[PDB]
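Naming convention: chains lettered A, B, ... in sequence-line order (proteins, then strands); numbering from 1 in each chain.
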Amino acid sequence: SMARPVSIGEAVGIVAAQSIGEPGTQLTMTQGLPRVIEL
Amino acid sequence: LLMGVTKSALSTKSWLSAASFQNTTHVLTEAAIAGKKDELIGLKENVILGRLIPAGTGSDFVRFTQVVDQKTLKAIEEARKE
Amino acid sequence: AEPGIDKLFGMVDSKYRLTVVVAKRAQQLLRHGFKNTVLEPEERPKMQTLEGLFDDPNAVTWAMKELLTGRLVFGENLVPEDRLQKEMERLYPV
Amino acid sequence: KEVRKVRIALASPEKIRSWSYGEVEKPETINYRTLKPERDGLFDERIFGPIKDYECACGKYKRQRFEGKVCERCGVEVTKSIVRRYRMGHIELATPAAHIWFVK
Amino acid sequence: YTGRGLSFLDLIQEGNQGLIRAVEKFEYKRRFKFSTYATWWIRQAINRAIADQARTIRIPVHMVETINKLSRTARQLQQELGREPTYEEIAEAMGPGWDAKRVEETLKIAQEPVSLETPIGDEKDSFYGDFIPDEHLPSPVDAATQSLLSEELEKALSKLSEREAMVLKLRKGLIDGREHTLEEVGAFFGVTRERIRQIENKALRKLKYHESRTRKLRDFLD
Amino acid sequence: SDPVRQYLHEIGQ
Amino acid sequence: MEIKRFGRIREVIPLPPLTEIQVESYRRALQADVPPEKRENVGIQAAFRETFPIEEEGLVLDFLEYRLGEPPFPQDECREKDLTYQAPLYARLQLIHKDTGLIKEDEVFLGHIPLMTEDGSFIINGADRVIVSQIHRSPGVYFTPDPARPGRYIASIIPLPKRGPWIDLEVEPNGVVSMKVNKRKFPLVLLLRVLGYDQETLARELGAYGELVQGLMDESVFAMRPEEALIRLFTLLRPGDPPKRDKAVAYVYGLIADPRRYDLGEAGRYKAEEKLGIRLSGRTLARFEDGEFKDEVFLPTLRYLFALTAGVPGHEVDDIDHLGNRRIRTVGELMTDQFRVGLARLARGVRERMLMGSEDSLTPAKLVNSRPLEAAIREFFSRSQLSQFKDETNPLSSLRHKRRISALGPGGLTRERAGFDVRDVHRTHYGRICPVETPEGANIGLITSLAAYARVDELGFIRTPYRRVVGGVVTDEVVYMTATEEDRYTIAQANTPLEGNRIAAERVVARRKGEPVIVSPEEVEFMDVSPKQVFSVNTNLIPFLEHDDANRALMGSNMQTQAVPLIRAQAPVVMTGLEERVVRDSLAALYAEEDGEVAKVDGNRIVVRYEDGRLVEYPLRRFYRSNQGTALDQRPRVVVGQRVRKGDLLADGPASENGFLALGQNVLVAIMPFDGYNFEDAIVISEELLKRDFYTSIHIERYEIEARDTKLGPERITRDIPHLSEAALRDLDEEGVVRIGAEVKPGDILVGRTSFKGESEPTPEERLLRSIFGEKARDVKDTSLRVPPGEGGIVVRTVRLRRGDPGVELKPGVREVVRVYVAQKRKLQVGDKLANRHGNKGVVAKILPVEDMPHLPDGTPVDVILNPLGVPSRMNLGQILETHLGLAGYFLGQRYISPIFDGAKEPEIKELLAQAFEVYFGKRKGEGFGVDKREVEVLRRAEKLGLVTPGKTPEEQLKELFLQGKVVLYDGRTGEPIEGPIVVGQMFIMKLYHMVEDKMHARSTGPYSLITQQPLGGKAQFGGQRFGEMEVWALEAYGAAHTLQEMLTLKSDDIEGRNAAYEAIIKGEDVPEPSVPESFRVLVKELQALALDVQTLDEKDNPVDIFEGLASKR
Amino acid sequence: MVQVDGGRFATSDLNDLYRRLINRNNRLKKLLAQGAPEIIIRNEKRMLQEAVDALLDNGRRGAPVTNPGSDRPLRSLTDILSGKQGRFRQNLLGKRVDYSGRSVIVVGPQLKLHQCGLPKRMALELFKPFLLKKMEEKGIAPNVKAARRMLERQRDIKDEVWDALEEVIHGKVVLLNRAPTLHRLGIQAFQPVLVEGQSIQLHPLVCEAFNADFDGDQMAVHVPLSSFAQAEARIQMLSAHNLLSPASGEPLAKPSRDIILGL
DNA sequence: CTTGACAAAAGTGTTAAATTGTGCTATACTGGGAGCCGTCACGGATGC
DNA sequence: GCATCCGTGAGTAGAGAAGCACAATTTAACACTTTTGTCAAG
Ligand SMILES: [Mg+2]
Ligand SMILES: [Zn+2]
């Protein structure tokens, strides 16, 4: 989000979960969201 | 070992976060018998207790930072090492 | 965007340290009624009011602009907390 | 001091009786006419605390100066009414019963 | 007896208690069979349990039997008049000592409490408890204005004399929390019950003059 | 699983 | 303003009554008008004949007849007094002493049957309600293939819902057929022996298929007698019970052979005979006669299953989603089913009452207790999922609600169990259920609407009409026919060309079992009546439906329901032809019963002198508040002395213009971006709309208060409220209620009420306060009703109901209730939601002055500016064609009727545009004006974009642009033209019920929860906003630790923190450090109630008390 | 067990569960004292075990216990803590908050990236405790309690109150949230600009991050109170400080729709 | 500032009605009642 | 190894149906001092 080294203290785990989950509804749904869920 | 996100989350040390996710009866049953002591490491545990999360401004790496002006700084310095 | 936000982010190793410094300075300014400010009278933040041009009451705005000047010293274990609070009260009565 | 850890463990029967301020012996809740809690019931002021701050059930004490005092007549401690959110009771079972969590 | 507030197993166990009492009081010298006499005690125990255990707010047997009579009478009037009876009609059919006021109060008493977990709407995500405010704990506004009044009152009492302010704080219970008598104050200072009433009014009068001059205390009166 | 049926069996003996 | 009608398809029959699904079904159930001796065995009449006679086993209670009396109160009285519009029910019963032989007859009062209004709704507790029809799997016998193992099929026997167990017949791998009852699997051989079947009978009937019969010939039980085989089966069904012949026969009879407990249903029985090729005597799986069991359906069911497994040509599996296998339970059936349940409960109470207590002297009045009957009826009309609060925002809203079909409800489905199959558009929905109309979201495919021409038959199957085609000529014979019957014919499309009645096209588009095929005219057997039968009423009101994507047509039809009535509502310029029928069938307007002359015309009533001479006075509903708060009023449309024919309009109803449905306004629309105020569906409107009061609606809000009996004294509704000045009480009359006509604002008193204060000594600070001022504390406090924030208006009605009033059944302890109606005239403002019929919706984001809006060269400004970027992705081109047709009608002064799929095409629209150009521009030439310099510049760009032909005169090029729906548009801000021609036309836009006035809410501090001590939710309760888990995740990701902690503690449930924070802020101080939330304290105590020792520790593992020593025993 | 304004009492399901346990426990004590046969004692002890089970976890074993007259299972202790409606997910991991509001959003084309249009009526309620202090500092009201009485009635609100509200919100920011909050930019901080009307004006360039359009969407407004909360929002959560997507590093606040088309 | 004495306010001891709790009904009566149903995948255990 | 039943989970906002007798306990109506509180007197 800042194009610079991450700052110590950022909850990157929450960011990672939101980053993966946010486009979940844009998947066409072994294909699409079901493929992601089983992985 | 490789486990899914659901099983990995339910096997975490902190029983507060695991009980608040799923299988509350199962998580609390094993935690109470084992006498588990939640150390409040993750974010969810401090949210439940209304504590400052150990991330961002709540992280110990920046939370204890002090701010002072030069006039106050010199006044403290000139009064101690004198 | 906040004025000089790029310069504010460049003075700290972690972006959350900047917020801690600004917020702690803001309450120092609020506690002493802005009498401990390092800003010159021509540098004090101002707001436009119908009666006239008056001082900005938002201490967060003051704290950010103070840090841009460079007259504030921030860090960890600079001075004891009890010594800091007592000394500021003496030299800035409130 | 600061809260740093949270521990969960089984509660012994002795520990449960240590938590409780009294045994709930009757299934009554409140009087149908006065709407006031019944003695030895699920809402008894003698067990869980006064309905209103610093006032006993009978009405002998109605002031904060008697903090920590238990009225000799009514048996209700003169304290803040917020203790009814924290003070617990207990039911002495005639026969032991298994906790369903550790069974099913 | 099912459907009257108690489960089937509760009815049986209560009925068993009456059966035990039947055995103790049964007499075979009368040559009556056991079921003839036991039925009275089994039904008695079930009836008493319903009158004692079928309601969250317990109602005595006399009022339960009164509530039962009122419903039976109202139902009989309903089927004869072809409509819901009025309270005057029900009271008249009940007999002497009954008016429409008593019928309404009895119906008000017969109101069972409603569950806090009763859902609203098709969705199973709302209950009655989510719409009931807590009226016991003071609101942040009420707590603040109490603190504002306390600091303005002690500020006004500062203008009083050292003893004059003490008397009002002691008579009105601003220190110990309890209103004291002019006597209970006559022992703290060793003065006469008329001494206090003499000054307590004088200190009261001076606060009235101060309040009229500043008007920093009227808004708290509401 | 049925307490009522269990009781009726017990009294049936 | 003439109306031009498009279309080529001639509809032989009109639309059926749009509320007949409600009205006719409830009439059939009640049978209130038919004499008792001619009542058929349906409805509640069937319920009486099923539960009765009640036999003690020598006392019999028999049913002879019933009757329904007149309702105690009229419909308006029930609404005003919060009563139920219902009719008393009396049953004429006789008690028969089989021993003595004496019969006594009397009429007993069974309670009240709620009555349906003329429009098709009910008034339950003073509130209008609609019973939504329910769709489910039809009863009968079904044969579905086993998914686990290929080549095997399972037989399913389904009775009426809650009227018997579901039965499964499956061929086990061992070869023996199994019967599953109540989750208990057992071999059908045992039960088949119970019903009197030998070894030779099974072989003689089922032995001509193959090895299947060999698995049905276990001789271990064939030699066993049926009586013990009945007991042997009784052990498998419910094991443990003592085997007794009397008890065993009752259980088996009550399971498959008792009409009182098992009911296959009229639809189920008909399906069973049609599928298995048999004839059932009753509606049970077996009959119990002559002390023995006789088979009814099991043998044909097993015969079909064996033949299906073998592979005979005449046997096929059943599609459970096929609309011939799905039926509709209407209001009559739903009420009858609940009536039967209550009647069964009443019969059980009668049976237990007639076996004890003065046996010789008993009367039917004493034995019958009608409360169980009334309780079931009251429960169905109040607390049922299918009994819904009537949606009456506009007359179309009520019409849609009565035609809704729901797969949910008691006995239906739940979303969890609703998959892509029940939620999908089956091929048999054609002409029976609208394919596009459905609530998007979690209810997609579960709540649907009946098709316009569709009707529900007696058995509950939806039928759609088709025109009979014989010998290639299309006749006027219309056959209403079900989906299963539709599969047997080749049905052509309604758009097939015809030369008179002969089919003209050699290739005909047709459907064979739902599949599109090309057939010859001689192969066509039926024809579609019209394109309108495929869609519902709401979808049929969308012009140019064929040009809109289905996803956006869904939105357009749904939002027509949300349109609010307008004081100047207009019928759309482009209509589909159903606008008049919707108003007529909604009963919101008033029409002449026969030919006559109007005698008196007034805003309150209309009097018409009919030809027969009788004077009929029609009161006019004026400023009535609907369930949604919209004002429903009828405005007279006739004058004194005017001659009216039968069916002529007398008074327009809500959202109607001269008998035509008027859900919005006809405004001039420019399709062009405007300075970002059109960004992402936002809408720009002109201030001229507000000047002439378009999109202005009247809304009425109801406020209620009760004066109660209290233990401290009764609450008094009075004008004398303590500690308030005259200004606050200025608008209150002597009785304490606000005067009618007063303007009320938030914080103003609507009615004054004083309540006795709870006995509690005051705080010493207050005691000194009263002592200083010499003011004695009063015994009453202000508990009056005030206007909530963001509300107000004009007081138009005050309703005061007092205890003892005739028909007012107040709750005990309530002396009186006062209801105040406040009406506000709402104009269109920023944030209000506008929409059209094509799914284009948006909120008003900017209101411009008239001089700022784009305008035509003649000086006419546009009314609405729409963003063209909302068209391409949504693929709803009907709004564009409506705009083009609206532009032509704006200058020609005419409206249009274009039926869906058969209406105005572009060649017809362009030729209308050519005529509209001759008045658009020919008028300019006569006035002495040539071509604008600004127009010349636009035409120079237009030929560069390929929009006009080079080399033509400016007049011809302007005409070319006009035929495309585009005009030269000037910018009101600059005066310069828009660099390209803009599509400008007249389009019908609706104002929706979602208004920013009713949705804006804010709270600093307010009520808190009882247990969690957290703020409540909802604007009505002045609650806070929910900061859920995902919002917490957002702050965690941002690293805003202190912002998160405030919301968790300081602003939600830190009782000490929130009190200190508020006090600090009002003193100009910073809020203090927060503390532990009260919800965590609740969790710990609840965990302790679960016998769990939860303790908070410190760095040194020592216990830390978070309860401040308030829970520690000394 | 609370009396509602109507006068009827409302109670939780736990009280009925507790009463059943006490009723069965007390009956067992009398049955034991009377020397009842083992069959009667066996049934009572079995019912006591089921009463304990229903109180702790209703429906876990056997048929759920329901109150007479309804089929609704009683809410036991396990149900209170578990599930989406349980204590953890409804009151601990998320809460309803004070100083919060909600309104329909409209496009603010003239707004700056860090600015939002906040209705004055919402801001008066959202910043009421701050406004009461500001009104007391000026000559609008003698004290806070009198100031609050003025704001209770709309027709008693002077025009000088609105001028004081502007000084309250100077430099302060508010939090705008649109549900669902799929990522962290579903909550952003904006400097509120007081506007006439009832709708929130939203910057066009932040619509993509919020996944917000203007066909009826609504947003929640939140007020950070302390210096830490204000500093975090102005530095870390400000819209103009969050221009790149945390998921990919690409610009998330970027030209779209009419802005691209015009350029 | 003490009388002082004096009426109101409050406390207090009886006594009555009123409300509430408990016992007892003697032909013979002896094993309940309602449901019963259109999801799907996933562990995890429990046995085969 | 495998087949089966049980348990778990499945987006977020907002708006929405016996009397009766008798004893035992409690309430409420009295009287009674006894007590504060108060307005004359110095
Ligand atoms: Mg939207
Ligand atoms: Zn006491």
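Between I:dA34 and F:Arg5, no contact under 4.0 Å exists linking OP1 or OP2 to a side-chain N or O. Residue E:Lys29 places none of its side-chain N or O atoms closer than 4.0 Å to OP1 or OP2 of I:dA26. When the side-chain nitrogen and oxygen atoms of G:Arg415 are compared with OP1 and OP2 of I:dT39, none of them lie within a distance under 4.0 Å. OP1 or OP2 of I:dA34 lies within a sub-4.0 Å distance of a side-chain N or O belonging to G:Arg348. Between D:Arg33 and the phosphate of I:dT20, there is a side-chain N or O to OP1/OP2 separation shorter than 4.0 Å. Between E:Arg4 and J:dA17 there is no side-chain polar atom (N or O) within less than 4.0 angstrom of OP1 or OP2. One finds no side-chain N or O of G:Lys183 lying less than 4.0 angstrom from the OP1 or OP2 phosphate oxygen of I:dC37. Distances shown here put a side-chain N or O of E:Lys25 below 4.0 Å from the OP1 or OP2 atom of I:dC24. Between E:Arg21 and I:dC24 there is a side-chain polar atom (N or O) within less than 4.0 angstrom of OP1 or OP2. Within the 4.0 Å cut-off from OP1 or OP2 of I:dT2, at least one side-chain nitrogen or oxygen of E:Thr192 is found. When the side-chain nitrogen and oxygen atoms of E:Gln44 are compared with OP1 and OP2 of I:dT25, none of them lie within a distance under 4.0 Å. Residue E:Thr36 places none of its side-chain N or O atoms closer than 4.0 Å to OP1 or OP2 of I:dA26. Residue F:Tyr7 places no side-chain N or O under 4.0 Å from the OP1 or OP2 atom of I:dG31. An OP1 or OP2 oxygen of J:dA15 is reached within less than 4.0 angstrom by no side-chain nitrogen or oxygen of G:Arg1026.
When distances run from any side-chain atom of G:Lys1019 to the nucleotides J:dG37, J:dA18, J:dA15, the shortest one goes to J:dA15. When distances run from any side-chain atom of E:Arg58 to the nucleotides J:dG14, J:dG19, I:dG21, the shortest one goes to I:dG21. Taking only side-chain atoms of G:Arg238, from C-beta outward, the nucleotide of I:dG38, J:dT38, I:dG33 with the closest atom is I:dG33. Listed nucleotides I:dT25, J:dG11, I:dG32 differ in distance to F:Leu8; the shortest reach to its side chain belongs to I:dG32. Listed nucleotides: J:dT38, I:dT27, I:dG35. Nearest to the side chain of E:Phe32: I:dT27. Each of I:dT39, I:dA26, J:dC20 was ranked by its minimum atom distance to the side chain of E:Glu65; first place goes to J:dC20. When the nucleotides J:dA17, I:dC29, J:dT12 are ranked by their closest atom to the side chain of E:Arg75, J:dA17 comes out on top. With J:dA15, J:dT38, I:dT19 as the choices, the nucleotide that has an atom nearest any side-chain atom of E:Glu123 turns out to be J:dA15. Counting only heavy atoms from C-beta on, G:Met1030 has its side chain closest to J:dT12 among J:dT12, J:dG37, I:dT3.
Using a distance-only test at 3.5 Å, with no hydrogens or angles considered, a donor-acceptor pair links the side chain of G:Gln134 to the main chain of G:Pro410. Judged by distance alone, with hydrogens and angles left aside, the side-chain atoms of B:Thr24 form a donor-acceptor pair with the main-chain N or O of B:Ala19 at under 3.5 Å.
Using a 4.0 Å heavy-atom criterion, one finds that H:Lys84 contacts the sugar-phosphate atoms exclusively. Nucleic acid contact for E:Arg193: base, since at least one base atom lies under 4.0 Å from a heavy atom of the residue. Looking at heavy-atom distances under 4.0 Å, D:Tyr32 makes contact with sugar-phosphate atoms alone, never a base. Heavy atoms of G:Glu352 sit nowhere under 4.0 angstrom from any nucleic acid atom. If you check every strand for non-hydrogen atoms under 4.0 Å, G:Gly349 touches nothing. Within 4.0 Å of G:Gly419, counting heavy atoms only, lies no atom of the nucleic acid at all. E:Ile50 comes within 4.0 angstrom of nothing in the nucleic acid, heavy atoms only. Residue D:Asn31 is classed as having no contact, given no heavy-atom separation below 4.0 Å to the nucleic acid. Using a 4.0 Å heavy-atom criterion, one finds that E:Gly121 contacts no nucleic acid atom at all.
For G:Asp998 and J:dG14, a side-chain-to-base donor-acceptor distance below 3.5 Å is absent, hydrogens and geometry of angles not being considered. At a cut-off of 3.5 angstrom, the base of I:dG38 holds no donor-acceptor pair with the side chain of G:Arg423. Evaluation of atom-type donor-acceptor distances gives no pair under 3.5 Å for the side chain of E:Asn47 against the base of J:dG19. A donor and an acceptor atom sit less than 3.5 Å apart, one in the side chain of F:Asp2 and one in the base of I:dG32. A donor-acceptor contact under 3.5 Å is not formed by the side chain of G:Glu416 with the base of I:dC40. Taking 3.5 Å as the limit, the base of I:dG35 and the side chain of G:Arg163 contain no donor-acceptor pair of atoms between them. Under 3.5 Å, the side chain of E:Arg195 and the base of I:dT2 form no donor-acceptor pair of N or O atoms.
Rounded to whole Å, the separation between the P atoms of J:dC30 and I:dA18 comes to 13 Å. For the P atoms, the distance from J:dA10 to I:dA34 is 35 Å, rounded to whole Å.
Consecutive residues J:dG11 and J:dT12 stack, with base ring centres under 5.5 Å apart and planes meeting at under 30°. The six-membered rings of I:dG32 and its strand neighbour I:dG33 lie with centres under 5.5 Å apart and planes within less than 30°, so the two bases count as stacked. Bases of consecutive nucleotides I:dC29 and I:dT30 are unstacked, their six-membered rings not being centred less than 5.5 Å apart at a plane angle below 30°.
Annotation: of the two residues near DNA chain I, G:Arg326 and G:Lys247, the 5′-most nearest-nucleotide partner is G:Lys247. Between E:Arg48 and B:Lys7, the residue anchored nearer the 5' end of DNA chain I, judged by the nucleotide with its closest heavy atom, is E:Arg48.
The neighbour count for G:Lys185 NZ, taken as heavy atoms of other residues, nucleotides or ligands under 6.0 Å away, is above 12.
Note that E:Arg43 lies outside the cation-pi zone of E:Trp41, set by a 6.0 Å cut-off to the ring centre and a 45° limit from the axis. A cation-pi arrangement is absent between G:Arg163 and G:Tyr262, since the terminal nitrogen or guanidinium carbon is not both under 6.0 Å from the aromatic centre and inside a 45° cone about the axis.
Closest heavy-atom contact between E:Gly5 and E:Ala54: CA-CB, 3.9 Å.
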Which is it for G:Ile320 and G:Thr144 under the side-chain contact (heavy atoms from CB on, under 4.5 Å) test, yes or no, and what are the steps along the way?
-> CA-CA 8 Å; G:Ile320 57 152; G:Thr144 66; 4.0 Å; yes
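I:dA45 is paired with J:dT4 under the Watson-Crick or G-U wobble criterion, all donor-acceptor distances under 3.5 Å.
The aromatic rings of G:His1001 and G:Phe1022 sit perpendicular to each other, their planes meeting at more than 60°, with 30° as the lower class boundary.
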